[PDB]
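*Asks:* First, the structure itself, so that you have it in front of you.
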Amino acid sequence: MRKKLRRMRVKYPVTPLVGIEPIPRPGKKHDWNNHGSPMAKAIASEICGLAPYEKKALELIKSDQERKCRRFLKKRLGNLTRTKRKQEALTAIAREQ
Amino acid sequence: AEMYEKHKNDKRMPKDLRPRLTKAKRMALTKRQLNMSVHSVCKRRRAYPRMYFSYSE
Amino acid sequence: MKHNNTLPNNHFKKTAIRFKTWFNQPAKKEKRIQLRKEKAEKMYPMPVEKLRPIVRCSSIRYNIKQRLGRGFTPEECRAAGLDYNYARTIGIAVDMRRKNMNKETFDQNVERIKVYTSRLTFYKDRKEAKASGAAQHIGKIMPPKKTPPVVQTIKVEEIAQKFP
Amino acid sequence: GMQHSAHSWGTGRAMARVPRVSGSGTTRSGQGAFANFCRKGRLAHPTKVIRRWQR
Amino acid sequence: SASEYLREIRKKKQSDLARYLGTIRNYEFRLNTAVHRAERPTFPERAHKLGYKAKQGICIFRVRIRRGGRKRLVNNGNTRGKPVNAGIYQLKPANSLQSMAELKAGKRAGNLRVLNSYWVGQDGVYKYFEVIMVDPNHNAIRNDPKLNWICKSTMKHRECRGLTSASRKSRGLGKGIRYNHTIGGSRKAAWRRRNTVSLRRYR
Amino acid sequence: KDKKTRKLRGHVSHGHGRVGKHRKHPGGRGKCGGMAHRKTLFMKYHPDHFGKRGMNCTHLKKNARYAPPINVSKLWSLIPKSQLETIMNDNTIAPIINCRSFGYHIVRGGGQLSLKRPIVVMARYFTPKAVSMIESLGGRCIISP
RNA sequence: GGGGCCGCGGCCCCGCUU
RNA sequence: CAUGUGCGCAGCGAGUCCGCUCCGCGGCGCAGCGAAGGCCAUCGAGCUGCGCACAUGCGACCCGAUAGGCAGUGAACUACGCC
RNA sequence: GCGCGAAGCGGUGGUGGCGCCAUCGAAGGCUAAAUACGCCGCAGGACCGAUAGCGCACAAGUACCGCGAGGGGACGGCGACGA
RNA sequence: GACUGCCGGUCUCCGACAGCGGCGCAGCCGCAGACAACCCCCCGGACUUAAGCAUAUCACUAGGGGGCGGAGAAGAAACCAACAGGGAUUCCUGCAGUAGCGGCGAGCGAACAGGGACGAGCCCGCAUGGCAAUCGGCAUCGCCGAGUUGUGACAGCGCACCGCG
Ligand SMILES: [Mg+2]
Ligand SMILES: [Mg+2]
Ligand SMILES: [Mg+2]
Ligand SMILES: [Mg+2]
Ligand SMILES: [Mg+2]
Ligand SMILES: [Mg+2]
Ligand SMILES: [Mg+2]
Ligand SMILES: [Mg+2]
Ligand SMILES: [Mg+2]
Ligand SMILES: [Mg+2]
Ligand SMILES: [Mg+2]
Ligand SMILES: [Mg+2]
Ligand SMILES: [Mg+2]
Ligand SMILES: [Mg+2]
Ligand SMILES: [Mg+2]
Ligand SMILES: [Mg+2]
Ligand SMILES: [Mg+2]
Ligand SMILES: [Mg+2]
Ligand SMILES: [Mg+2]
Ligand SMILES: [Mg+2]
Ligand SMILES: [Mg+2]
Ligand SMILES: [Mg+2]
Ligand SMILES: [Mg+2]
Ligand SMILES: [Mg+2]
Ligand SMILES: [Mg+2]
Ligand SMILES: [Mg+2]
Ligand SMILES: [Mg+2]
């Protein structure tokens, strides 16, 4: 009776820890939301420009084909989450131009 | 005995006068070299040295 | 095969199957006792065990009981008043990957460090330590005592008050 | 008993089909091998240490 | 930092810059022999992540490996066996192409120890790798506490035993549910433990 | 007693017949032929051997699915022997029985309770007869964690 | 057969060489 | 030898099992049914060891193929070609 | 292996996709102990006792055979070693 | 100083080079060859079982190639989990002949736990700029070299150890 025991499940009442702050673990220190040097990413994007599939995805975005750009970038990258974020990184390029 | 006192304080002694341990043991790192550790391992052992203690309940 | 029996599940079809016999089992035990004695004699005042935390066991089968954990979190050592790198120099085990989940496991382990450090006598160096004449602790430091659960009792007029 | 390159010589040689020791030039050559009834043969069902010694 | 600018430039492998330097590096690596000693790292920042220092006794050897799978070496497809084992032409090696590059650099400089290797280029025919190799007899290494572990005798031919980063990847090592094939140290260590019958004294 | 071989010394065809024999593997090895020539052995003694039943659970977890039941009869047997005498000889005192502390998760309603007095029982699940038997006597069925 | 095999030019075609 | 089953014997018995270990809340049993959601008894002696018989996997009562494979060695006989 | 080719957040959640929630931080490196094991040394043993036990208790991998790779035996005993 | 014992000397020749490689390198070194029980990496059968047989099985074995060490390998979570959460690896017990895989046939077949043995954790990279603070070599306190395409750090060891009974 798996669903019934899961539904009738009662958590043990326990007290959460409200006060303490985490000690930074040595060797495990990252700010994952601001990872790289953002000036270094801007410089290399200025030098190197865009990849050929990124140029093709701008041409889909600029020609009002963001549906086809989504299919194209999903086929290129292979992951939907990076596909969504690549497209909004590329519409920001197409909007500033 | 004569050739030892000739090349005792030599940079490279002749191979006759070095101890013939084993090719593997001649190529071993020295105990000084094995004890070599990086600066963070030195500071940590220095700042948190070995403690000598006894526990009783 | 012939008769009514459970269907055979005997897996000796591979000719590569080895056998691990246990003829060393009484001999390994006497070697294991001798090494434990020599470890205790190498660290004469210091206990042979680390101080280890009391953690709750993981799944729903086993979360009714507590066992002895791997190490204390650094936030437990700080609340007890110790640097975790200092805590390793005295006989306390430190676990960097255990997460401080709740106040009950946290405060129990913080008290467990405080009881332990209160029970320590320090010595100046190794020669002062060996000549102390202090009896060292053998076995697990402050183990959780296994007991049969006591049955709690309430009065029958109080039953509707407690559990309506 | 199993340290030979012994093979049966087969039928047709007026000799029993037991494995014979290979080679020539020695007295061991052509003699029976590998069988419990053979001299210097492996005993059939050889004793093992995986026997249950304790009860 | 400088290492960040070198890294972000290195990630853009389809630039006009990278396709140019990809073309002339792959040209220059192909004119040399299969394993030949490089002068310096092509990507020094990438080599510094793999343990290269600009010290005496650390060498860079450059190895190319022909790409693709490795066919079964039999005469005319005759594998002399069951038809399940009769395949020839879509087989893939168990170890990496990069681990083959460490084997060739390791056999060439038999005095040196393979530290790591890294990709420096590829085309349709070849994959080019630079292999970081360490001299365990040079005193600059033996006095180095970050690196004199490779001077120990257990580090002889790390690439031949699957102990470098490229060669360890073929072994199936790892933590957790997906890597149960190698619990115990290796596949043979796990297979061995699973195929012994433990016969205790009192059973 | 000794083995059977010690009596079969002297008789040709140790115990396996002259016309038959003790041959190597007549019939095949193992339990092969379950649909061909040992089908009578499987139609008789293992008629549920072949085929598939039911929904496969890739990696069933034993500890997560652990829920051993206890009948409501044996609830009073969970009280420790020392503590049980002061509870049986006190009628205004009801015992609180945390079944999870004793390794029991479900309370099923088999048989009768050992004493007709209120008991407060804590478990993960109670069957409807287990609730009805316990709460008729004046006790409580509490779904504990 | 398709893809990968990082070159320039001009009208799939034609030059070119690196 | 492993794992079963049956019988006999043995200890304890709603429990039982020393022999992994420095200390089994591990297994099985005290209750089952269903693929499952779900249902849950009107209910039942087992556990462990020892011994035999028997089944199965193993070299498998002993001896026996023709074969197949993997790795090797031979053109001093003989076949051909070259010097 | 090949094609494609990431990210500042990413991986994973017995493994269709997507979303949640939860939990970790890969693609760099080292690390004792508990673990395995032949020769050999040592000590034992409900083992075998010269057709047995290792192939060999002996001038045993010896004699001997095979172009070669290789194959491979047999054979123990006076007494008070004083006569 | 007989006969002995322990240790050390001497230790022919063939057999490890078309050698290969490291270091500015007057030169100094390393690799090769053995070992094949244990261990690591790659290559990889068939007999056999399926009463035939082709997938399966044998078996990710045998075997071959390569490579170490006194052990090796592994190893400080991009882990397990779904709890009130545990916490490197290895080993034992156990999960368990189970979930599952499988001409769903023959057969194959783990994992988390729980208990235990043992326990230990660390590091490179993005290090100063009021000056490479670092290292190698030497015929040595001075040269030469490495190096800014970036160098940089010491906690553990040792000796002694009978002669009678
Ligand atoms: Mg014999
Ligand atoms: Mg240089
Ligand atoms: Mg074949
Ligand atoms: Mg007969
Ligand atoms: Mg009979
Ligand atoms: Mg007949
Ligand atoms: Mg038929
Ligand atoms: Mg039998
Ligand atoms: Mg035969
Ligand atoms: Mg065939
Ligand atoms: Mg052949
Ligand atoms: Mg996440
Ligand atoms: Mg799941
Ligand atoms: Mg890491
Ligand atoms: Mg005799
Ligand atoms: Mg003999
Ligand atoms: Mg002849
Ligand atoms: Mg070699
Ligand atoms: Mg066989
Ligand atoms: Mg068959
Ligand atoms: Mg047959
Ligand atoms: Mg056939
Ligand atoms: Mg060695
Ligand atoms: Mg290791
Ligand atoms: Mg298998
Ligand atoms: Mg540095
Ligand atoms: Mg006397």
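Sequence lines, in order, name chains A, B, C, D, E and F. Mapping to this note's numbering: the first sequence position 46 is 46, numbers consecutive. In this note's numbering, each residue carries its 1-based index in the second sequence increased by 1000. In this note's numbering, each residue carries its 1-based index in the third sequence increased by 2000. In this note's numbering, each residue carries its 1-based index in the fourth sequence increased by 3000. In this note's numbering, each residue carries its 1-based index in the fifth sequence increased by 4000. In this note's numbering, each residue carries its 1-based index in the sixth sequence increased by 5000. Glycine included, each C-beta is placed from N, C-alpha and C at the ideal position.
(1) Starting from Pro5128/F and walking both ways along the alpha helix (DSSP H), at which residues does that stretch end?
(2) Strictly under 8 angstroms for the Cβ-Cβ distance: is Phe5102/F near chain C by that measure?
(3) Which residues of the region 4143-4158 of chain E have a Cβ closer than 8 angstroms to any Cβ of chain B? Give them in chain order.
(4) Measuring from the CB of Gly3001/D, is there a heavy atom of ligand 1 at a distance below 7 angstroms?
(5) Checking the sheet assignment: what are the DSSP bridge partners for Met4133/E?
(6) Hey, out of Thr4023/E, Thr4033/E, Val4063/E, whose CA is closest to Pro4041/E's CA?
(7) CA-CA distance, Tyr4118/E and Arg76/A?
(8) So which residues on chain D does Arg4201/E lean against when the C-beta distance must stay under 8 angstroms?
(9) Mind checking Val4120/E: buried by the 16 CB within 10 Å criterion, or exposed?
(10) Any heavy atom of ligand 23 inside 7 angstroms of the beta-carbon of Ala1024/B?
(11) Below 7 angstroms between beta carbons is the criterion; list the residues of the region 5104-5135 of chain F that meet it against any residue of chain A, in chain order.
(12) Under 7 angstroms from any heavy atom of ligand 4, does the C-beta of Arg5018/F make it?
(13) Would you give the residue range spanned by the beta strand (DSSP E) that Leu4199/E belongs to?
(14) For ligand 7, any of its heavy atoms closer than 7 angstroms to the Cβ of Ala3035/D?
(15) When DSSP labels each residue in this structure, what does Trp5076/F get in the three-state scheme?
(16) Where DSSP assigns a beta bridge to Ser5013/F, which residues make up the other side?
(17) Considering only C-alpha positions, which residue in the set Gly4176/E, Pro4136/E, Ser4153/E is nearest to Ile4058/E?
(18) Could you have a look at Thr5086/F and say whether DSSP puts it in helix, strand or coil?
(19) Within 10 angstroms of its Cβ, does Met5035/F collect 16 or more other Cβ (buried), or is it exposed?
(20) To the nearest angstrom, how far is the alpha carbon of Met1027/B from that of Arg4142/E?
(21) Please tell me whether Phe2122/C has its Cβ less than 8 angstroms away from any Cβ of chain B.
(22) My guess is that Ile5070/F and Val5107/F are in contact by the Cβ rule of under 8 angstroms, so how many angstroms apart are they, rounded?
(23) Could you tell me if the beta carbon of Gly5015/F falls within a distance shorter than 7 angstroms of some heavy atom in ligand 5?
(24) In chain C, which residues lie with their C-beta within 7 angstroms of the C-beta of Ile5093/F?
(25) Rounding to the nearest angstrom, what Cα-Cα distance links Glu46/A and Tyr4005/E in this structure?
(26) Touching or not, the region 3006-3024 of chain D and the region 2086-2099 of chain C, by the rule of three or more beta carbon pairs under 8 angstroms?
(27) Quick one: using the 10 Å Cβ neighbour count with 16 as the cut-off for buried, is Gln2161/C buried or exposed?
(28) In chain order, what residues of the same chain have a beta carbon less than 6 angstroms from the beta carbon of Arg4113/E, not counting five sequence neighbours either side?
(29) By the three-class DSSP mapping on this structure, what secondary structure does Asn2010/C have?
*Replies:* Working from what's here:
(1) 5128-5136
(2) By this cut-off, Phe5102/F is an interface position.
(3) Residues of the region 4143-4158 of chain E with a C-beta atom less than 8 angstroms from some C-beta of chain B are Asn4143, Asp4144, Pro4145, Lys4146, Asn4148, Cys4151, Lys4152, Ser4153, listed in chain order.
(4) yes
(5) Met4133/E pairs with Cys4059/E, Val4114/E.
(6) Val4063/E
(7) 25 angstroms
(8) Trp3053, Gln3054
(9) buried
(10) Yes, ligand 23 has a heavy atom inside 7 angstroms of this Cβ.
(11) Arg5124, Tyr5125
(12) yes
(13) Looking at the DSSP string, the run of the beta strand (DSSP E) that includes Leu4199/E is 4196-4199.
(14) no
(15) helix
(16) For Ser5013/F, which the question treats as bridged, DSSP gives no partner whatsoever.
(17) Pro4136/E
(18) helix
(19) When all chains shown are included, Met5035/F counts as exposed.
(20) 11 angstroms
(21) yes
(22) 6 angstroms
(23) Yes, since a heavy atom of ligand 5 falls inside the 7 angstroms radius drawn around the Cβ of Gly5015/F.
(24) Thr2153, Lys2155
(25) So the alpha carbons of these two residues sit roughly 12 angstroms apart.
(26) no
(27) exposed
(28) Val4134, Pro4136, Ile4150, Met4155
(29) coil
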